[PDB]
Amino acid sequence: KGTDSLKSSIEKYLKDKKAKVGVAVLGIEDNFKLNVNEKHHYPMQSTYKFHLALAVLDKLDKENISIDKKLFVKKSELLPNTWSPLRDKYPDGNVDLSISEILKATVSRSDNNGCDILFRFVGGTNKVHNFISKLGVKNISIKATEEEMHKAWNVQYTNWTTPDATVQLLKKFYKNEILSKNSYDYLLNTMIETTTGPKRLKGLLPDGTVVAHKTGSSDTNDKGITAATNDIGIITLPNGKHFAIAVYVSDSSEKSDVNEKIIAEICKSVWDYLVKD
């Protein structure tokens, strides 16, 4: 037992769930670790917008470009029929939008068009892949823009991660090992000031728990398979410490609300273990 009855407890919970669920927990201040179903590749869906914002913010820090500089977005780039509050605000495109505003839409509101704008800005999906790899985090594949993921069903499975790689990226980011102080502060606040995934990592946590996170979601095909239901981020414990956590519910046959409950229950049991010192 110890941190092992916790792993065995999560495995027991996953036994009857028709899905492949990956889990990873990394203490921030204290060196706590937990893995469930780790040697597997889970599609990231919109969670990889976190990695993109990192590459964006790093490019700004390094080239000394202000997050306030404006980018001209062509109307042809605000694609329709994809989630994009940017397009809904500026339906005619051909507009100068600050990188700050585009980041906000991409991270806090999961803007697909904002995401693809920001991929163009850093030089494409492969540039983001290199940036992550050069940080010393392995087993993250970043190959498809949001536009490419909305084509064939298979294409989302080519943006994949291990759960371990995510918590490693989260904790590097949180301990301010990646970005300038101003860039760190900005991305953190956009990950706190989100309304997404209310029933995921946050669902069963006490009221007022600080949760900086990024969700991702996919469709359900006609054999009832939801490819990806995800939530990842950093959580504050009652004693003021933090832990990074990622839950990837992949290729689920379960109903949608069950898929989020899986994230919520798993995170809740981790929350209870760590709340006991």
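Throughout, we count residues from 1 along the sequence that is shown.
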- Of 23 to 31 and 50 to 58, the stretch with the higher mean C-alpha B-factor in the deposited entry is 23 to 31
- Message: Per the record, averaged over C-alpha atoms, which has the higher B-factor: 229 to 237 or 33 to 41?
- Response: 33 to 41
- Per the entry, which of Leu201, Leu103, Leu79, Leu169 tops the list for Cα B factor? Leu79
- Query: Taking the values straight from the PDB record, which of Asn159, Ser110, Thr195, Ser133 has the highest C-alpha temperature factor?
  - Reply: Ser133
- Where the record places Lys214 (Cα B-factor, split into thirds across the chain): lowest
- Using the B-factors in the PDB entry, rank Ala264's C-alpha atom against the chain and give the third, lowest, middle or highest. lowest
- Among all modelled residues of this chain, ranked by Cα B factor, put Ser180 in the bottom, middle or top third, i.e. lowest, middle or highest. highest
- Item | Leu97 by Cα B-factor - lowest, middle or highest third of the modelled chain | middle
- Task: Pull the Cα B-factor of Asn154 out of the PDB entry and bin it into the chain's lowest, middle or highest third.
- Result: highest
